[PDB]
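Participant: I have a structure here, written as C-alpha cells, and I will follow up with some questions on it.
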Amino acid sequence: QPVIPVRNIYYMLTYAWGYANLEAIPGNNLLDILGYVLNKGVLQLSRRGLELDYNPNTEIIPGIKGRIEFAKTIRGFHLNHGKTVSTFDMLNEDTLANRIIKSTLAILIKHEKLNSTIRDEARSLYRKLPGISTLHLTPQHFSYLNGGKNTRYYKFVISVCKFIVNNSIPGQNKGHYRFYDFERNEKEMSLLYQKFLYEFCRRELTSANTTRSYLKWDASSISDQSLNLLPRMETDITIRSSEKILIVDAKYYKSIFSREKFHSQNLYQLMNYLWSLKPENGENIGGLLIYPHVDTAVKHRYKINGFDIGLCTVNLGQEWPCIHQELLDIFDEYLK
Amino acid sequence: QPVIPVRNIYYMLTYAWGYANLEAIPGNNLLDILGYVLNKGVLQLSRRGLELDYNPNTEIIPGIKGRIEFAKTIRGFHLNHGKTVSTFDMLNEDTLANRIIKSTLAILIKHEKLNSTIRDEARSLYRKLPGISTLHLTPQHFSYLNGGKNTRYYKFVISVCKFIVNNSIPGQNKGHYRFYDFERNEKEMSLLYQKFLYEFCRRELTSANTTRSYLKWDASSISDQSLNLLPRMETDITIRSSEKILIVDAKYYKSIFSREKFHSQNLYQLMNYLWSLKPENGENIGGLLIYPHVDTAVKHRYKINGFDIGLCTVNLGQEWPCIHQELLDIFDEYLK
Amino acid sequence: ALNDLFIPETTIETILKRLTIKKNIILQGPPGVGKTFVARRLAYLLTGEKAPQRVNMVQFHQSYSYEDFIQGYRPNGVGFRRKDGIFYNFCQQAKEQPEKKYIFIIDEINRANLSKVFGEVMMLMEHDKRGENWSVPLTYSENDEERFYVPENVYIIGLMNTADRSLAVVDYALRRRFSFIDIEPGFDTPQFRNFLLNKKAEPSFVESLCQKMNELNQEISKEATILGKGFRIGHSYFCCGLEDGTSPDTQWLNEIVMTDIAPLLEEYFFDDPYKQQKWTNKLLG
Ligand SMILES: Nc1nc2c(ncn2[C@@H]2O[C@H](COP(=O)(O)OP(=O)(O)O)[C@@H](O)[C@H]2O)c(=O)[nH]1
C-alpha cells in the first residue's frame, strides 16, 4: 500500500485553490501539516487585523442609538418605561467567516490523532476569541460565502477549512474526531490532479493561453437535435498556443504506480475529443496523457492516427521544485 | 431498487453456457428456479444412465483379478499369506463429475432460504447415491473438468453447479448457506450480457458470420514495437456479413434503467475500434450500442463521424420469445 | 378522568408520585400523543375532581412575554394601566384555597425564552423556594411591600415537542429545574386496543394495524443519531374522527394514511421519496 509522501500533497492543494516552510514540522501525516498551516495561518490574519463587518442591531435600549424605528417603538409602548427601538451598527468580528475559524478549531482540537504542540497552541487561540460564537458547521455555510467579499487571504484558510471538515470522521469516541484516509481513494485524488493542473497551467504557462473547452459532437440525429443521450464531453484542460494546440487528460491510478499491464482506459476519451474538435486556426493538434508515478518519470511519443500524442509520467516523491521544473520541461516538448 | 424479473435471467445463462417450463414453479427468486433445474435435471440423466468411467484399482486381495503386479507382490510377501497385488478396473459412478453433483446437492439443501419441496425431494436424491463420496468443492475441481470427455448434457448442469457454488454465501448460521445478490452488481451482470450475446448471435444469426476480433493500434512508436503501455483492445463482438460489418459494445448499467442524464461512457471505446479497424473487403462499417432497459425499447440511429451508428435498448421484463424476436428485429435493421 | 387512557398505568402513576414532589415536570414526546390530553386528565387526577376551573392552559411562542404572562402596562382610554397576567392572576385563586391543587399547563415551552418570560419569578416556581418566605417584590411594583409568592399547591406542567429537527439543544435554565419524562407513542398498549376493539374493529385489523405501525415506529427509533426516538408517530389520529360510530377498516384507514401520516413522513424523510414509498406501501399493502 504505497502512497505519495504527504508533505508534497499540500502543494497540490495550493494550485487547486489558487492561493511557507514545511521542513520545520516533524509530523509526516497530513493533519499535522494542515493543522500547522491553519494554526500559523490564523496568526498572520490577526497581526494585520481580522475582518470586521458592520452588523445592524435592532434592540430595546435605555436611550437613542442611531435611527429609532417609530413603528416598533409605539407598538411596544417602550417610551413609557424609558426604552426605544433603534437600529444601529455594532462593529464585530462575529461574521460567518470568522465563526467558521473558531468552530473549525474545535474540530481540529477534537481530532483524536494529532501532534501535542498543535492541539495546545490552538486551545489558547480558541480562548483568545471570546466574543465570537461557536457554530455547528455544514457545507451550506461555506456555500453562502462564495461571494468572497473578504480578502484573498481569508479565502485561503477557509478553503483549507472546507477540506478539513469534509475530511473529518468520528473515531474511537463519540466526541473526538478522526482524519479521513484521503490518499487511498483515487477519485478525490483524481479530481485534485485535474484541478491541480488546470489552475497551475494558468500560473506558469503565461506564454500559452489555457482554457477548459466544451465540445459538441459532429453527429446529426433525425430523432433529436438535443443528443441528450450522447455523452457530455468536456475537456479536462486545453492549453492553446499560436503554433500548436494541446488537449490533456490526466488521472490518478493505483495500478500505474506499480511498475505489467498498463491502465490507459482514459485514452479512449482523448482521441474522440480530437476528432470532434476542429481547429479554425488549423495550426496543429496534439495530445497528452500524464499520470502520477512514484519512483521515476518516463516520456513517450506516438503517431497514432495522424495525431502526435505523448504518454508521460512524473516522479512524485522526488522534490517539489524539480517537479515544478519537470512539468515545464514536459509541456515545452509537446507544446511545440 | 428495481431489477429484472428473475425467471428471464435463467434464459440468458442458457446462451452464456451454450446449453423446460418455468411457469410451473411458484417461487420467483432465482435459487428456487435454479435448484428446480438441477433437481429435475438430475432425473433426466439418471433415466438414460449416469457416466461410468473405469477407474483402475491396485489393491491387496485374496486372489487374482486382472493383472498382477509382480514387484509389489514379492516385496510385500503377500504370496505367503494368500494375497496378491493386482490391478483391475472397477466400474463406478465415483467420477469427479458425479461427486460434484452430490456435493453440490448438500449445498443446495443447506441453503437457508429455499422452497420446501425443492429441499425435500433432493434429500431423497442425496440418499439415492450411496456409493459416491462427498467432497468439499473448489473452483479447481471444476477447472480439471474442462476436458469435457463427458456428454454435452453433463456439462450443462455442471455449468449451473459452477454458478451456484460461486454464488453461495454463508448466512445466519455457521452450517447453512445464503444466496448471493447476483442482480445488484453490474459487473457480473455485464459479463453475462456480453457473453450472452456472443454465443446467442452464433445460434440465431446463421446468415451472418460472428467472431470476436482483436485489434491492433495504427500507431508506431520509436520507443517500443510492443506498445505494452497502450490499452489492449478486444471487441465484445463483431458480426460480419458480406454486405456490412458491425461491431457492438453492450453493458448493463443501473442508471440507464432509470428513464435524465445518460451513461454512454462505453461509446468512447467503440469509435476507437472503428478507426483502428480497416476492412479489406471494404463493404461498409457500422456500430451498435445496446443496453438493457426494463420498461420499453427505443432505437436511434446516428451519422457521427462518417459512420452509421445505432443506440438502442430492449424491454427486459416483457417476455422471452418477443425479446428473442426483438433482437432479430434489431440486428436486421443495422446489419443491412 | 380515568376511564379510557391509552398510555400505560406506570408512567401516569409514576408522574403522580413525581409531580407531588418536584412540581416542575416536562412531558416530552411526539405530537399526537395527547400531550395536552394526558396532562389535562392527569390534572383532574392529582386534584381528584374532574373540575376545569382550577386548571389553566397556555401555549408558549417566541414572542410570548412577561407582560402577557405576569404583568404589563396596556393602555386604557387615556393612560397606561397595570394589567394582571395569566400566572399572576392564576395564583390569586390558589392562595385562597391552599388545600386544593391548582395546575398550570404550558404547551410548547421550549420555543419561547423562559428567562424573558419568567424573569424574576423563575427562582420562585422551583419547589423548594416556595411560600411567603421567598416572596419578592415584582419588577413593576410601585411599592416594595406588595409581593408575589408561589404557594406550594401549584403544580407546573410543561409540554415539549420532540419531533422538530430544528431543535438542537434544550435550554439550560429549563433543564436545571424540571424533571423530564419520556412519553412513548403507546401504539401497542392494552387500553388503546381495548378502545379499538370496543369500536367495530376485528382482531386481524387491530393486529395488522398495531403491528405495521410498530414496524414503522421502530424504523425511526432505530436510526437514533439520524432521527430522534421521539420522532416516531403517535396514536391520536386513530382516536379522533370515529366519534360518529364509524367502523374502522382498511378502506377507512387509507384516508388517514394519505391525509395525516403522509405529510409526517414527508418532512421526516426529506432525502429520498422512494424510501417514503417503501414505507407507505407496507401500511396498506
Ligand atoms: N381518548 C383518547 N384520546 C386521545 C388519546 N391521546 C390523544 N388523544 C386525543 O388526541 C387529540 C390531540 O391531542 P394533542 O396531543 O394535545 O394534540 P397535539 O397538540 O398535536 O399534540 C385530542 O383529542 C386528544 O384528546 C388517548 O390516549 N385517548
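Participant: Only residues that are within 16 Å of the ligand (Cβ to nearest atom) and closer than 26 Å to C:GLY158 by Cα: list them for the stretch C:180-223, please. Give the derivation first.
Facilitator: First, pick out the residues of the stretch C:180-223 that are within 16 Å of the ligand (Cβ to nearest atom): C:181-199, C:201, C:206, C:209-210, C:213, C:217.
Hits for the stretch C:180-223 are C:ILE181, C:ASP182, C:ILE183, C:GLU184, C:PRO185, C:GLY186, C:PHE187, C:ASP188, C:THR189, C:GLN191, C:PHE192, C:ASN217.
Participant: Only one of these is buried (at least 16 other Cβ atoms within 10 Å of the Cβ) and either more than 24 Å from C:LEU27 (Cα to Cα) or among the polar types (S, T, N, Q) (or both): C:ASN89, C:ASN110. Name it.
Facilitator: On the way: C:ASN89 fails: buried (at least 16 other Cβ atoms within 10 Å of the Cβ).
Going through C:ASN89, C:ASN110 in turn, the sole match is C:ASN110.
Participant: Return a yes/no flag: does the stretch C:230-246 have any residue that is surrounded by 12 or more Cβ atoms within 10 Å (Cβ to Cβ), assigned to a helix (DSSP H, G or I), out of contact with any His (no Cβ under 7 Å at 6 or more places or on another chain) and basic (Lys, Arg).
Facilitator: At the first step, the residues of the stretch C:230-246 found to be surrounded by 12 or more Cβ atoms within 10 Å (Cβ to Cβ) are C:230-239, C:241-242.
Now drop any that are not assigned to a helix (DSSP H, G or I), which leaves C:230-231, C:236-239.
Next, from what is left, pick out any that are out of contact with any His (no Cβ under 7 Å at 6 or more places or on another chain): C:230-231, C:236-239.
Pick out the ones that are also basic (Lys, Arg) and you get none.
No, that holds for no residue.
Participant: Oh, and also: Picking from C:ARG177, C:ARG147, which residue would you name as being in contact with an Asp or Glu (Cβ under 6 Å, 6 or more places away or on another chain) and away from the ligand (no atom under 16 Å from the Cβ)? Quick ask: steps written out before the conclusion?
Facilitator: Numbers: C:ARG147 fails: in contact with an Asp or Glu (Cβ under 6 Å, 6 or more places away or on another chain).
Within the list C:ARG177, C:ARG147, the selection yields C:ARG177.
Participant: Within the stretch C:159-172, is even one residue more than 14 Å from the ligand (Cβ to nearest atom) and farther than 30 Å from C:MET213 by Cα?
Facilitator: Step one: list which residues in the stretch C:159-172 are more than 14 Å from the ligand (Cβ to nearest atom), which gives C:165-172.
Retained after the next criterion (residues that are farther than 30 Å from C:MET213 by Cα): C:171-172.
For the stretch C:159-172, residues more than 14 Å from the ligand (Cβ to nearest atom) and farther than 30 Å from C:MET213 by Cα: present.
Participant: If you go through the stretch B:135-150 one residue at a time, do you hit one that is in contact with a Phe, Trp or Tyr (Cβ under 9 Å, 6 or more places away or on another chain), assigned to a loop (DSSP other than H, G, I, E, B) and at positive phi?
Facilitator: The answer is yes, given that some residue of the stretch B:135-150 is in contact with a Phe, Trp or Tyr (Cβ under 9 Å, 6 or more places away or on another chain), assigned to a loop (DSSP other than H, G, I, E, B) and at positive phi.
Participant: Kindly indicate whether B:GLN318 is under 30 Å from C:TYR274 (Cβ atoms) and away from chain A (no Cβ under 14 Å).
Facilitator: Working: under 30 Å from C:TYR274 (Cβ atoms): yes; away from chain A (no Cβ under 14 Å): yes.
In short, yes.
Participant: In the stretch B:225-234, which residues are more than 8 Å from chain A (Cβ to nearest Cβ) and either surrounded by fewer than 16 Cβ atoms within 10 Å (Cβ to Cβ) or at positive phi (or both)?
Facilitator: Initially, the stretch B:225-234 is screened for residues more than 8 Å from chain A (Cβ to nearest Cβ), giving B:225-227, B:233-234.
Within the stretch B:225-234, B:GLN225, B:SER226, B:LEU227, B:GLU234 qualify.
Participant: Still on this model: Pull up the stretch A:238-269, narrow it to residues that are within 24 Å of A:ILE4 (Cα to Cα) and in a strand (DSSP E or B), then point me to the one that is nearest to the other protein chains (Cβ to nearest Cβ).
Facilitator: A:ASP249
Participant: Only one of (1) within 29 Å of B:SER264 (Cβ to Cβ); (2) buried (at least 17 other Cβ atoms within 10 Å of the Cβ) is not met by A:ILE330, so which one is it?
Facilitator: (1)
Participant: Does at least one position in the stretch B:195-216 carry a residue that is surrounded by fewer than 12 Cβ atoms within 10 Å (Cβ to Cβ), within 14 Å of chain A (Cβ to nearest Cβ) and basic (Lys, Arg)?
Facilitator: yes
Participant: While we're looking at this one, here's another question. Is the stretch C:203-219 home to any residue that is within 18 Å of the chain's Cα centre (by Cα) and exposed (fewer than 14 other Cβ atoms within 10 Å of the Cβ)?
Facilitator: Taking every residue of the stretch C:203-219 in turn, none turns out to be within 18 Å of the chain's Cα centre (by Cα) and exposed (fewer than 14 other Cβ atoms within 10 Å of the Cβ).
Participant: Against the conditions (1) away from the ligand (no atom under 15 Å from the Cβ); (2) not in a loop (DSSP other than H, G, I, E, B), where does C:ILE226 fall short? Just the number, please.
Facilitator: It fails just one condition, (2).
Participant: Tally the residues that are more than 14 Å from chain A (Cβ to nearest Cβ), under 26 Å from the mean Cα position of the chain (by Cα) and outside any strand (DSSP E or B), restricting the search to the stretch B:270-296.
Facilitator: 1
Participant: Taking the residues in the stretch C:233-259 that are under 15 Å from C:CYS210 (Cα atoms) and within 18 Å of the chain's Cα centre (by Cα) as candidates, determine which candidate is farthest from the ligand (Cβ to nearest atom).
Facilitator: Among those residues, the one meeting the criterion is C:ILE233.
Participant: Select from the stretch A:78-109 the residues that are of a type in the set (S, T, N, Q) and in a helix (DSSP H, G or I) and write down the one among them that is farthest from A:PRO139 (Cα to Cα).
Facilitator: First, pick out the residues of the stretch A:78-109 that are of a type in the set (S, T, N, Q): A:80, A:84, A:86-87, A:92, A:95, A:98, A:103-104.
Checking which are in a helix (DSSP H, G or I) leaves us with A:98, A:103-104.
Working: A:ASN98: 15, A:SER103: 13, A:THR104: 12 Å.
Here the answer is A:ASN98.
Participant: In this structure, is B:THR313 closer than 18 Å to A:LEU227 by Cα, among the hydroxyl-bearing types (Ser, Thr, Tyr), more than 9 Å from chain A (Cβ to nearest Cβ) and crowded, with 17+ Cβ neighbours inside 10 Å?
Facilitator: It is true that B:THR313 is closer than 18 Å to A:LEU227 by Cα, among the hydroxyl-bearing types (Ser, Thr, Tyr), more than 9 Å from chain A (Cβ to nearest Cβ) and crowded, with 17+ Cβ neighbours inside 10 Å.
Participant: Can I ask one more? Look at the stretch C:98-156 and say how many of its residues are under 23 Å from the mean Cα position of the chain (by Cα), closer than 22 Å to C:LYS83 by Cβ and of a type in the set (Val, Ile, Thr).
Facilitator: 6
Participant: Sticking with this structure for a sec: Looking at A:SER133, A:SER168, A:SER116, A:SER143 in this structure, which one is among the polar types (S, T, N, Q) and surrounded by 17 or more Cβ atoms within 10 Å (Cβ to Cβ)?
Facilitator: Numbers: A:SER133 fails: surrounded by 17 or more Cβ atoms within 10 Å (Cβ to Cβ); A:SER116 fails: surrounded by 17 or more Cβ atoms within 10 Å (Cβ to Cβ); A:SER143 fails: surrounded by 17 or more Cβ atoms within 10 Å (Cβ to Cβ).
Unique residue meeting the criteria: A:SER168.
Participant: Against the conditions (1) part of a loop (DSSP other than H, G, I, E, B); (2) crowded, with 18+ Cβ neighbours inside 10 Å; (3) of a type outside the set (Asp, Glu), where does B:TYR154 fall short? Just the number, please.
Facilitator: Only one criterion in (1) part of a loop (DSSP other than H, G, I, E, B); (2) crowded, with 18+ Cβ neighbours inside 10 Å; (3) of a type outside the set (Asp, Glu) is unmet by B:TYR154, namely (1).
Participant: Can we say A:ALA106 is crowded, with 18+ Cβ neighbours inside 10 Å and under 26 Å from C:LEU167 (Cα atoms)?
Facilitator: Working: crowded, with 18+ Cβ neighbours inside 10 Å: no; under 26 Å from C:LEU167 (Cα atoms): yes.
So A:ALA106 does not fit the description; no.
FYI the Cβ positions are ideal-geometry reconstructions off the backbone, even for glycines, and counts take in every protein chain you see. Taken together, the values in this text are just the output of simple stated rules run on the coordinates, not laboratory data.
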